[PDB]
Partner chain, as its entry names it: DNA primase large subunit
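One chain comes next, on its own, written out as structure tokens in the form solved without the partner chain.
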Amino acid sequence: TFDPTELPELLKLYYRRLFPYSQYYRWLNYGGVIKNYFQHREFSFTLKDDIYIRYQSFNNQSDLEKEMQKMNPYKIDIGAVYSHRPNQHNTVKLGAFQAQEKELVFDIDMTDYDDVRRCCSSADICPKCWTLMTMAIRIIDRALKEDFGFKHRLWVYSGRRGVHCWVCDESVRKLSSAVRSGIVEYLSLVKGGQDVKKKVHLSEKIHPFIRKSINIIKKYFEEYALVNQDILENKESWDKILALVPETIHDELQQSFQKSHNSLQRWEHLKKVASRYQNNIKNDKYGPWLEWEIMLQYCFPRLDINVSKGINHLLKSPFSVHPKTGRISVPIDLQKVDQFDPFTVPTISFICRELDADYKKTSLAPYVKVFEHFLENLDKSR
């Protein structure tokens, strides 16, 4: 949390000497190969007192610099590319102003993991629970890269409680809401709200996406689940895991749990016991489906779904400030995803302090270098 009276004086300087305007324009101009592509983009500025304006568009980079430095917006959201100039949508015939293109986006909030987190809750995050986002980035990014063939993926720290992903392949920017829904369904395993206890069910045959995602989780599960969260510490915690396991084997576990001493041994026990449960009496097929359902329910990414369906849904811009923490929405170095510390992310107050002691003078520089690598990969593919 932050004290929000300093923000305006900090924002003035940030938009004057620190915001990477050139790289930003390179990005949303996309080479200038399509006409009106930057000029038909919706921007949404949030000002002081949570007053926000929509359908703000601009002619060129300089126009953007000017109006941003004139409003010093608390928060900047990117929208869709529309049929006409967003800032002229009243002069257009009703029914002819329609969203046409936007990147495929993903919003991941840690709040959706409160049911499986024990250290933090609500908007809080700590190094112990942050591994979820790491695995989230690992799982989704892999599927985005290999199962769908998307080459241009930008991962961004949302500034507080999770991360964002912008997918910018030219054909992906054209996808309708229908295809985006289908993509989210392909990527989702944790179903059900607070109403249901067991939120993951696996079919008898395993789809490669599930096997590969499980294998990703099997890299982190020891460190995250059995040590940092201690999901099997005592009865208070392990009864939450038994709630999603068949009851005919509960007794044997509770016994074997009390006689055990820590979460490692209890997990090894649960594995053996689940690999001996018979789901179907016809066949003598046994497997780790319950083990896998547990690991998925506790570690698999939960996506904010309605963020990805809408073509015209707004998402916080990269390098925009989060007005409730002061943190800058910085890109995530994928080659160092495990090393990403959300607590080393520069705040606006902090880099303005660094500057007075251009953006490459500050701790924002390596993040801009990440953004430029993403942009140069966009340039090569053209």
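Residue numbers count along the first chain shown, from 1.
Separately, the form solved in complex with the partner chain exists; it is not shown, and the next lines address it.
* Quick one: which of 240-248, 110-118, 67-75, 186-194 gets within 4.5 Å of the partner chain in the deposited bound form, going by heavy atoms? -> Every other range fails; the passing one is 186-194.
* Should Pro127 be classed as touching the partner chain in the deposited bound form when contacts are defined as heavy atoms within 4.5 Å? -> Contact with the partner chain, no.
* **Contact test in the deposited bound form: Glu268 vs the partner chain, heavy atoms, 4.5 Å** => Residue-level check for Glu268: no, no contact with the partner chain.
* Asked: Closest heavy atom of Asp147 to the partner chain in the deposited bound form, within 4.5 Å or not?
  -> Because a heavy atom of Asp147 falls inside 4.5 Å of the partner chain in the deposited bound form, the answer is yes.
* **in the deposited bound form, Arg211 touching the partner chain (heavy atom, 4.5 Å)** => Output for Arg211 is yes: heavy atoms within 4.5 Å of the partner chain.
* Which one of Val200, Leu226, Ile206, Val273 is close to the partner chain in the deposited bound form, taking close to mean a heavy atom within 4.5 Å? -> The residue in contact is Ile206.
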